[PDB]
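As a basis for the values below, the full set of heavy atoms in this structure was taken, side chains included, without hydrogen atoms, waters or symmetry mates. In listed order, ligands and their atoms are each counted from 1. Chain A is the first sequence line, chain B the second, and so forth, proteins listed ahead of strands; every chain is numbered from 1.
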Amino acid sequence: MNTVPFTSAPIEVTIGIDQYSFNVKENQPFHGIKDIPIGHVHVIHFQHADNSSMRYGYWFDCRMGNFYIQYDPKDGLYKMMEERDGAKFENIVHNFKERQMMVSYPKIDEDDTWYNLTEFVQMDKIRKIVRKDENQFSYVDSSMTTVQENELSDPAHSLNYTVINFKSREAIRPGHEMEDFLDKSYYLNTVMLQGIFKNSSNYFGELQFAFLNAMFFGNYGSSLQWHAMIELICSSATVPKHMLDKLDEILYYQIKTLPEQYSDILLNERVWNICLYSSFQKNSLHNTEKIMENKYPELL
Amino acid sequence: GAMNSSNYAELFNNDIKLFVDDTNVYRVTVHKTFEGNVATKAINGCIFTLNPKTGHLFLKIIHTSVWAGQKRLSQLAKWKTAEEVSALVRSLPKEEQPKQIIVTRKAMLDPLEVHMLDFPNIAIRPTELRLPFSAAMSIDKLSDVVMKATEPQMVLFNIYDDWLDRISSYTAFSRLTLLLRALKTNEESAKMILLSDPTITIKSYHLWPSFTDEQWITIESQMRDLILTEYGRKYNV
Ligand SMILES: COc1ccccc1C(N)=O
Ligand SMILES: COc1ccccc1C(N)=O
């Protein structure tokens, strides 16, 4: 179990850690989060009490270094940093635990939710979508634009998701126009899976990361990426059977975890009605269709 | 974006543009089978591709053999249309290619856009106008070349005959759409109007009769009466 200590909490803020969250009052004696499960990526995220504008946060993996949070009063935000001196870090953390100044990552033992939302997400791939190579952790916020959004404006601050365009020369083989537009298997299997992602695990990893950025930061560009990756699979007549079964599980846990009150903005009615009821895979997502129908029957 | 009554004069500016109408690409005769079921029999069709400024009509005849062994013909017809328009554009010299293609039905947008990915600078546009180009098969000489074709064929016409010698393209298009609207609302009456007087003939190299300016005013008035009338006989007013 690992720890992300905080220097202090000078401003009132709601802090999230994965799917959990808690309020910290201005100058409350808070010094971080302990008992963070090893083996998963994690996200620690922030919403200031005085400006709900800009949710922001940091993707990290404690196996990759010792990380802490420190408020910067010049830039006005809680910043993640790496401590290179391992003995200094251990000594700081141990003092904070002895004084019981940390919240415990509150994982229920039955609960596989975080695993199920991050199964294919790896820090190395996050760091290629979020380019800032001098840090081992990655910053994301509500306003960051994707490369595809920048094509339709700061490139260093972009989310480099894989471009998905259904009316593009990449998607459509000369002479197979109708075939490739109405059945996207070529684009899914040859162009994206074999060509760009190499395997379905990397595809699912980006899909899961896009969903989590949409949910936790309200990142609109990530929402489009998530809906597009889903639609590319559902609009393919030919999909490996293991991929369909895994997609059903992935989406099930995403829909299960989604705040009931964010469904209106985070779920695209056209994509979901198409995927569940018209697409080639309309009958291949049993778990996802059942939870969608019982939780969000309005959308459909 | 969409073409409507507000940007109507744009059709007659000097940017090359084509209208594409696909309503006569897939045509069927519905009939009973010996067993008492219903079947369709396809007949030859055509793509109606028209330069509204010059009157040049690229009539691609769609022979029934193109449907043999194919499924979902209604959907295939839109992609066949788009494939043929794309092939037409590619066959034209660069300086003759259109800058805009306006489709008369919204379901042609994606098929044409996908077939024209190679031409990012050609705008594919819908229209809010209800244009009567379906009635093109009521022009006898066009109907005749379509129904006689034994193979795929492209035939080139000027749908304005020699009118541009005397009138502008705005006026020629207005005349064309009035004639076609009339033929679409009451084909028998419209055709009676156009040919009643045996002394006015259609030149071999034309589609419509050789009306004088004065006779066109008479003709045009008789077509508006027809359209208003039928609108009476239809709605009872
Ligand atoms: C991922 O899809 C997109 C990306 C950028 C902008 C728009 C879209 C979209 N769904 O149309
Ligand atoms: C008779 O042609 C059809 C039949 C069914 C549906 C559509 C069409 C058509 N031409 O688009």
Side-chain angles (χ1 to χ4, degrees), chain A residues 129 143-151 155 158-168 170-171 178 181 184 187-188 191-192 196-197 203 206-214 219-235 265-275 279, chain B residues 20-31 38-48 60-64 66-67 70-85 103-114 133-137 146-147 184:
Chain A
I129 298 163
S143 79
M144 284 167 49
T145 46
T146 73
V147 174
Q148 233 192 126
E149 287 188 285
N150 298 330
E151 302 159 357
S158 286
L159 291 168
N160 305 267
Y161 291 119
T162 295
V163 171
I164 312 238
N165 184 12
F166 296 145
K167 300 192 283 190
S168 75
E170 293 69 18
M178 183 189 199
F181 185 74
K184 320 225 176 258
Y187 191 35
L188 171 67
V191 177
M192 287 283 165
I196 298 188
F197 288 97
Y203 188 100
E206 184 170 323
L207 178 158
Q208 287 182 316
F209 183 59
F211 169 80
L212 293 167
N213 288 326
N219 188 268
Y220 180 79
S222 302
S223 192
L224 302 181
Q225 187 51 24
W226 183 51
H227 282 100
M229 295 188 81
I230 294 171
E231 186 172 358
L232 175 51
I233 289 167
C234 293
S235 295
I265 47 187
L266 285 168
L267 293 177
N268 182 279
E269 184 189 62
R270 178 197 67 90
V271 170
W272 282 98
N273 272 273
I274 271 54
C275 292
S279 73
Chain B
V20 170
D21 184 86
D22 72 314
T23 66
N24 284 309
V25 158
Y26 177 49
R27 317 203 277 136
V28 307
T29 39
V30 176
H31 60 82
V38 175
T40 59
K41 186 191 153 301
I43 60 161
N44 289 346
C46 56
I47 305 161
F48 181 98
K60 177 67 192 207
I61 304 184
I62 303 300
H63 187 265
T64 57
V66 312
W67 312 124
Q70 307 292 336
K71 273 104 180 75
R72 291 198 51 94
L73 292 187
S74 65
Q75 185 165 55
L76 176 65
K78 306 175 195 304
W79 291 81
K80 176 61 171 177
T81 297
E83 186 179 31
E84 292 295 342
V85 168
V103 300
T104 56
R105 285 210 289 203
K106 304 188 222 65
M108 281 300 311
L109 289 165
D110 280 351
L112 192 56
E113 160 168 8
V114 170
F133 294 148
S134 70
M137 286 296 97
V146 171
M147 293 313 292
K184 182 169 182 165

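When A/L224, A/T162, A/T146, A/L232 are ranked by how near their heavy atoms come to atom 3 (C) of ligand 1, first place goes to A/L224.
Here the protein heavy atom with the shortest distance to atom 8 (C) of ligand 2 is B/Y26 CD2, 3.9 Å. Given atom 11 (O) of ligand 2, the protein heavy atom at minimum distance is B/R105 NH2, 3.2 Å.
When each atom of ligand 2 is checked for a heavy atom of B/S74 under 4.0 Å away, the hits are 6 (C), 7 (C). Taking every non-hydrogen atom of B/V28 and a distance limit under 4.0 Å, the qualifying atoms of ligand 2 come out as 1 (C). For ligand 1, the atoms sitting less than 4.0 Å from at least one non-hydrogen atom of A/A228 are 1 (C), numbered in the order shown with element in parentheses.
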Audit row: B/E83, B/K60, salt bridge (charged side-chain N to carboxylate O under 4.0 Å, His left out) steps and yes/no: CA-CA 11 Å; B/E83 186 179 31; B/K60 177 67 192 207; over 6 Å; no
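Summarising the local packing, OH of A/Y220 is surrounded by 12 or fewer heavy atoms from other residues, nucleotides or ligands at distances under 6.0 Å.
Proximity of a side-chain donor or acceptor of B/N44 to a complementary backbone N or O of B/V146 within less than 3.5 Å is detected.
Considering backbone and side-chain N/O atoms, B/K78 never comes within less than 3.5 Å of an N/O atom of ligand 2.
The aromatic rings of B/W67 and B/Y26 sit perpendicular to each other, their planes meeting at more than 60°, with 30° as the lower class boundary.
Look at B/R72 and you'll find every heavy atom at least 4.0 Å from all atoms of ligand 2.
Minimum interatomic distance between A/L266 and A/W226 (heavy atoms only, all atoms of both residues): O-CZ3, 3.5 Å. Annotation for A/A210 and A/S222: closest pair O-CB, 3.4 Å, computed over non-hydrogen atoms.
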